[PDB]
Amino acid sequence: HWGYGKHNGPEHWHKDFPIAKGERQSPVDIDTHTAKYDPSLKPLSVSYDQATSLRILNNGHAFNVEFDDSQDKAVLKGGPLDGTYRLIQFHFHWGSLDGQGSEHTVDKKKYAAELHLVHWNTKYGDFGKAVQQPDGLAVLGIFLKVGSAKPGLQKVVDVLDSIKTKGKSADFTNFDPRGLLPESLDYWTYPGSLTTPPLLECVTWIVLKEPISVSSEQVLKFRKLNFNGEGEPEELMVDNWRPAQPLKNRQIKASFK
Ligand SMILES: CCCCCCc1ccc(S(N)(=O)=O)cc1
Ligand code: NA
Ligand code: NA
Ligand SMILES: [Zn+2]
């Protein structure tokens with residue numbers, strides 16, 4: 001099956017997922033000079049006060065922090081979006097070294113990691129129906145740079161020892177995702193896709209301009225996770241990012257002047 005190694009990584013995905021060569025694939029390089037400020041874009045409305053985290057799972061590709069998406073608790077609205085998108089999970093992509101790891105790039109700059117908060121459009125009723133639509137998902141992307149520690153990330157870091165290998169999960173209740181945001185909600189937006197198989201073209205991407213800082217020790221602990229299952233040869237979970245894809249017939253819009 002698919003992965004991020006030389007024999008199953010991004011250059012191979014198109015064989016089982018031909019949409020990998022589609023017209024609105026993600027991630028992309030954000031050329032800051034040619035992104036055009038759109039004064040009609042609204043401020044992002046991030047309403048996470050009632051978020052109910054449930055569990056953290058090593059899925060063999062990253063770790064997902066999962067939320068209760070049965071009801072309208074944590075939602076994303078505004079910005080480029082029409083209607084209401086419910087938070088279902090977040091996860092990260094990161095590198096083996098601080099100089100790589102993000103999926104989106106900014107003027108070709110790679111960040112050490114990238115956080116994806118995944119939301120589905122409530123008009124479609126369930127996540128599974130949302131991923132059959134071109135406006136089914138909204139992913140809020142946040143870059144991570146290495147510097148000072150992010151206090152709101154430490155609870156995530158300190159559970160990773162308990163989900164080292166593929167298929168392991170742990171309770172992860174009462175986690176507040178507001179602690180992962182930067183100060184500013186200024187963003188770029190464009191239409192794209194999931195960045196892993198099945199690579200479905202359902203995503204309104206909202207990528208925040210301002211990175212969050214995390215410490216070297218925090219990202220080092222991400223890199224101690226394993227892609228493999230328990231009892232299998234150890235393969236460190238690093239470099240679980242897809243490179244930038246062709247922009248094709250798309251424009252990236254900026255929320256800020
Ligand atoms: C038919 C089931 C599809 C599950 C898709 C799960 C998924 C969610 C978000 C992302 S990402 N990295 O674009 O945020 C990738 C994959
Ligand atoms: Na442009
Ligand atoms: Na419920
Ligand atoms: Zn992702």
# chains A, B, ... in the order shown; residues from 1 in each chain; ligands from 1
$ select_by_dssp --residues "stretch 97-255 of chain A" --states "strand (DSSP E)" --output "number ranges by chain"
A: 105-106, 113-121, 137-146, 169-171, 187-192, 203-208, 212-214, 253-254
$ write_last_selection --atoms "C-alpha atoms" --output "tab-separated table (two decimals), in the first residue's frame"
chain	number	residue	atom	x	y	z
A	105	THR	CA	5.78	26.08	0.75
A	106	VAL	CA	5.99	29.87	0.78
A	113	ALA	CA	6.21	20.82	9.85
A	114	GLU	CA	2.63	21.63	8.96
A	115	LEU	CA	-0.55	21.20	11.01
A	116	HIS	CA	-3.81	20.32	9.23
A	117	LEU	CA	-7.14	20.89	10.99
A	118	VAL	CA	-9.65	18.97	8.87
A	119	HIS	CA	-13.29	20.07	8.63
A	120	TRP	CA	-16.29	18.84	6.62
A	121	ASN	CA	-19.19	20.81	5.19
A	137	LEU	CA	-13.84	19.86	3.07
A	138	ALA	CA	-11.96	22.82	4.48
A	139	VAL	CA	-8.46	22.26	5.82
A	140	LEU	CA	-6.81	24.93	7.95
A	141	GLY	CA	-3.06	24.64	7.47
A	142	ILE	CA	-0.56	26.09	9.94
A	143	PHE	CA	3.20	26.09	9.49
A	144	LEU	CA	5.58	25.10	12.29
A	145	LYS	CA	9.05	26.58	12.67
A	146	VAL	CA	11.60	25.50	15.27
A	169	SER	CA	-4.44	4.68	19.94
A	170	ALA	CA	-4.92	6.37	23.29
A	171	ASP	CA	-7.62	8.35	25.01
A	187	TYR	CA	-4.47	33.52	5.35
A	188	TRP	CA	-4.07	32.40	1.77
A	189	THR	CA	-6.75	30.27	0.13
A	190	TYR	CA	-7.09	28.13	-2.98
A	191	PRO	CA	-9.06	25.06	-4.17
A	192	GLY	CA	-7.20	21.77	-3.83
A	203	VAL	CA	-10.69	20.75	-0.28
A	204	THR	CA	-10.88	24.55	0.25
A	205	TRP	CA	-7.39	25.16	1.60
A	206	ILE	CA	-6.91	27.96	4.13
A	207	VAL	CA	-3.21	28.36	4.95
A	208	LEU	CA	-2.30	30.78	7.72
A	212	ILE	CA	3.65	28.77	15.13
A	213	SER	CA	6.94	28.15	16.90
A	214	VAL	CA	7.66	24.75	18.43
A	253	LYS	CA	-5.95	34.61	-2.88
A	254	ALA	CA	-4.68	36.53	0.16
$ residues_near_ligand --ligand "ligand 3" --cutoff "12 Å" --atoms "only C-alpha atoms and all ligand atoms" --output "JSON, numbers by chain"
{"A": [52, 67, 68, 69, 70, 71, 72, 73]}
$ select_by_dssp --residues "stretch 82-240 of chain A" --states "helix (DSSP H, G or I)" --output "PyMOL selection string"
chain A and resi 122-124+127-130+151-157+160-163+177-180+216-222
$ residues_around --residues "residue A:167" --least-positions-apart "6" --cutoff "10 Å" --atoms "only C-alpha atoms" --output "CSV table (one decimal) with N, CA and C atoms, in the first residue's frame"
chain,number,residue,atom,x,y,z
A,57,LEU,N,-4.6,8.6,17.4
A,57,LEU,CA,-4.3,7.4,16.7
A,57,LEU,C,-3.1,7.5,15.8
A,58,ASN,N,-2.2,6.5,15.9
A,58,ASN,CA,-1.1,6.4,14.9
A,58,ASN,C,-1.7,5.5,13.8
A,59,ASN,N,-1.9,6.1,12.6
A,59,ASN,CA,-2.5,5.4,11.5
A,59,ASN,C,-1.5,4.8,10.5
A,60,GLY,N,-0.2,4.9,10.9
A,60,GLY,CA,0.9,4.4,10.0
A,60,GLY,C,1.4,5.4,9.0
A,63,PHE,N,-0.1,10.9,13.0
A,63,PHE,CA,-1.0,10.6,14.1
A,63,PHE,C,-2.2,11.6,14.0
A,227,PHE,N,6.4,4.4,11.5
A,227,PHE,CA,5.4,4.0,10.5
A,227,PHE,C,4.9,2.6,10.6
A,228,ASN,N,5.8,1.7,11.1
A,228,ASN,CA,5.5,0.3,11.2
A,228,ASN,C,4.6,-0.1,12.4
A,229,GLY,N,4.1,-1.3,12.3
A,229,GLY,CA,3.4,-1.8,13.5
A,229,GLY,C,4.3,-2.5,14.5
A,230,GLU,N,3.8,-2.7,15.7
A,230,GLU,CA,4.5,-3.4,16.7
A,230,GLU,C,5.0,-4.7,16.2
$ closest_atom_pairs --of "chain A" --to "ligand 2" --cutoff "6 Å" --atoms "only C-alpha atoms and all ligand atoms" --output "tab-separated table"
residue	atom	partner	partner_atom_place_in_ligand_line	distance
A:34	CA	ligand 2	1 (Na)	4.5
A:35	CA	ligand 2	1 (Na)	4.3
A:36	CA	ligand 2	1 (Na)	5.2
A:251	CA	ligand 2	1 (Na)	4.8
A:252	CA	ligand 2	1 (Na)	5.5
$ write_last_selection --atoms "N, CA and C atoms" --output "short mmCIF file (atom, residue, chain, number, x, y, z; two decimals), in the first residue's frame"
data_model
loop_
_atom_site.label_atom_id
_atom_site.label_comp_id
_atom_site.auth_asym_id
_atom_site.auth_seq_id
_atom_site.Cartn_x
_atom_site.Cartn_y
_atom_site.Cartn_z
N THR A 34 2.57 36.89 -6.20
CA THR A 34 1.46 36.74 -7.18
C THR A 34 0.10 36.31 -6.66
N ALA A 35 0.08 36.08 -5.35
CA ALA A 35 -1.17 35.87 -4.63
C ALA A 35 -1.73 37.30 -4.61
N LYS A 36 -3.02 37.46 -4.86
CA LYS A 36 -3.61 38.78 -5.00
C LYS A 36 -4.48 38.91 -3.74
N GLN A 251 -5.80 30.10 -8.90
CA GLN A 251 -5.26 31.30 -8.30
C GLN A 251 -5.30 31.16 -6.79
N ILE A 252 -4.28 31.70 -6.14
CA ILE A 252 -4.22 31.77 -4.69
C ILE A 252 -4.57 33.19 -4.27
#
$ closest_residue --among "A:185, A:130, A:157, A:97" --to "residue A:46" --atoms "only C-alpha atoms"
A:185
$ closest_residue --among "A:155, A:86, A:7, A:221" --to "residue A:126" --atoms "only C-alpha atoms"
A:86
$ closest_residue --among "A:87, A:200, A:244, A:181" --to "residue A:134" --atoms "only C-alpha atoms"
A:200
$ closest_residue --among "A:80, A:43, A:101, A:211" --to "ligand 4" --atoms "only C-alpha atoms and all ligand atoms"
A:101
$ residues_around --residues "residue A:42" --least-positions-apart "2" --cutoff "9 Å" --atoms "only C-alpha atoms" --output "PyMOL selection string"
chain A and resi 39-40+44-45+78-81+255
$ residues_around --residues "residue A:27" --least-positions-apart "2" --cutoff "10 Å" --atoms "only C-alpha atoms" --output "PyMOL selection string"
chain A and resi 24-25+29-30+102-105+192-196+205+241-247
$ write_last_selection --atoms "N, CA and C atoms" --output "PDB file, in the first residue's frame"
ATOM      1  N   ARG A  24      -6.534  19.904  -9.610  1.00  0.00           N
ATOM      2  CA  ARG A  24      -6.519  20.723  -8.393  1.00  0.00           C
ATOM      3  C   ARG A  24      -5.871  19.961  -7.232  1.00  0.00           C
ATOM      4  N   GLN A  25      -4.641  19.496  -7.447  1.00  0.00           N
ATOM      5  CA  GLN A  25      -3.921  18.740  -6.436  1.00  0.00           C
ATOM      6  C   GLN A  25      -3.184  19.646  -5.452  1.00  0.00           C
ATOM      7  N   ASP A  29       3.136  25.372  -3.929  1.00  0.00           N
ATOM      8  CA  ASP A  29       3.929  26.512  -3.513  1.00  0.00           C
ATOM      9  C   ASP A  29       3.068  27.765  -3.583  1.00  0.00           C
ATOM     10  N   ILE A  30       3.136  28.558  -2.525  1.00  0.00           N
ATOM     11  CA  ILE A  30       2.436  29.827  -2.429  1.00  0.00           C
ATOM     12  C   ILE A  30       3.442  30.901  -2.816  1.00  0.00           C
ATOM     13  N   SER A 102       7.140  20.643   5.795  1.00  0.00           N
ATOM     14  CA  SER A 102       5.851  21.169   5.390  1.00  0.00           C
ATOM     15  C   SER A 102       5.476  20.664   3.999  1.00  0.00           C
ATOM     16  N   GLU A 103       4.175  20.701   3.739  1.00  0.00           N
ATOM     17  CA  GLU A 103       3.614  20.324   2.448  1.00  0.00           C
ATOM     18  C   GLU A 103       3.494  21.558   1.555  1.00  0.00           C
ATOM     19  N   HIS A 104       2.717  22.542   1.999  1.00  0.00           N
ATOM     20  CA  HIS A 104       2.797  23.837   1.346  1.00  0.00           C
ATOM     21  C   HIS A 104       4.167  24.455   1.585  1.00  0.00           C
ATOM     22  N   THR A 105       4.587  25.272   0.626  1.00  0.00           N
ATOM     23  CA  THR A 105       5.783  26.082   0.748  1.00  0.00           C
ATOM     24  C   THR A 105       5.400  27.525   0.461  1.00  0.00           C
ATOM     25  N   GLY A 192      -8.130  22.872  -3.669  1.00  0.00           N
ATOM     26  CA  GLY A 192      -7.198  21.774  -3.827  1.00  0.00           C
ATOM     27  C   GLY A 192      -7.765  20.442  -3.410  1.00  0.00           C
ATOM     28  N   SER A 193      -6.885  19.616  -2.861  1.00  0.00           N
ATOM     29  CA  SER A 193      -7.166  18.206  -2.658  1.00  0.00           C
ATOM     30  C   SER A 193      -6.653  17.746  -1.302  1.00  0.00           C
ATOM     31  N   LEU A 194      -7.037  16.527  -0.937  1.00  0.00           N
ATOM     32  CA  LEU A 194      -6.296  15.809   0.091  1.00  0.00           C
ATOM     33  C   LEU A 194      -4.856  15.628  -0.376  1.00  0.00           C
ATOM     34  N   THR A 195      -3.912  15.682   0.566  1.00  0.00           N
ATOM     35  CA  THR A 195      -2.505  15.518   0.221  1.00  0.00           C
ATOM     36  C   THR A 195      -1.999  14.094   0.400  1.00  0.00           C
ATOM     37  N   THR A 196      -2.857  13.172   0.816  1.00  0.00           N
ATOM     38  CA  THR A 196      -2.545  11.752   0.833  1.00  0.00           C
ATOM     39  C   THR A 196      -3.602  11.028   0.021  1.00  0.00           C
ATOM     40  N   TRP A 205      -8.546  24.982   0.751  1.00  0.00           N
ATOM     41  CA  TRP A 205      -7.385  25.162   1.604  1.00  0.00           C
ATOM     42  C   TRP A 205      -7.357  26.574   2.143  1.00  0.00           C
ATOM     43  N   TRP A 241       5.477  13.972   4.117  1.00  0.00           N
ATOM     44  CA  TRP A 241       4.943  15.098   3.366  1.00  0.00           C
ATOM     45  C   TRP A 241       4.988  14.806   1.870  1.00  0.00           C
ATOM     46  N   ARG A 242       3.986  15.317   1.171  1.00  0.00           N
ATOM     47  CA  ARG A 242       3.932  15.326  -0.280  1.00  0.00           C
ATOM     48  C   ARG A 242       4.520  16.639  -0.777  1.00  0.00           C
ATOM     49  N   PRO A 243       5.376  16.611  -1.797  1.00  0.00           N
ATOM     50  CA  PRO A 243       5.916  17.864  -2.336  1.00  0.00           C
ATOM     51  C   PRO A 243       4.846  18.680  -3.051  1.00  0.00           C
ATOM     52  N   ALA A 244       5.198  19.938  -3.308  1.00  0.00           N
ATOM     53  CA  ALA A 244       4.309  20.830  -4.035  1.00  0.00           C
ATOM     54  C   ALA A 244       3.994  20.287  -5.424  1.00  0.00           C
ATOM     55  N   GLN A 245       2.741  20.461  -5.822  1.00  0.00           N
ATOM     56  CA  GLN A 245       2.179  19.982  -7.069  1.00  0.00           C
ATOM     57  C   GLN A 245       1.891  21.144  -8.007  1.00  0.00           C
ATOM     58  N   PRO A 246       1.704  20.877  -9.301  1.00  0.00           N
ATOM     59  CA  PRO A 246       1.494  21.976 -10.252  1.00  0.00           C
ATOM     60  C   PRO A 246       0.236  22.775  -9.941  1.00  0.00           C
ATOM     61  N   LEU A 247       0.373  24.098 -10.003  1.00  0.00           N
ATOM     62  CA  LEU A 247      -0.751  24.972  -9.688  1.00  0.00           C
ATOM     63  C   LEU A 247      -1.837  24.903 -10.751  1.00  0.00           C
TER      64      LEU A 247
END
$ closest_residue --among "A:21, A:55, A:91, A:15" --to "ligand 4" --atoms "only C-alpha atoms and all ligand atoms"
A:91
$ closest_residue --among "A:110, A:197, A:165, A:47" --to "residue A:13" --atoms "only C-alpha atoms"
A:197
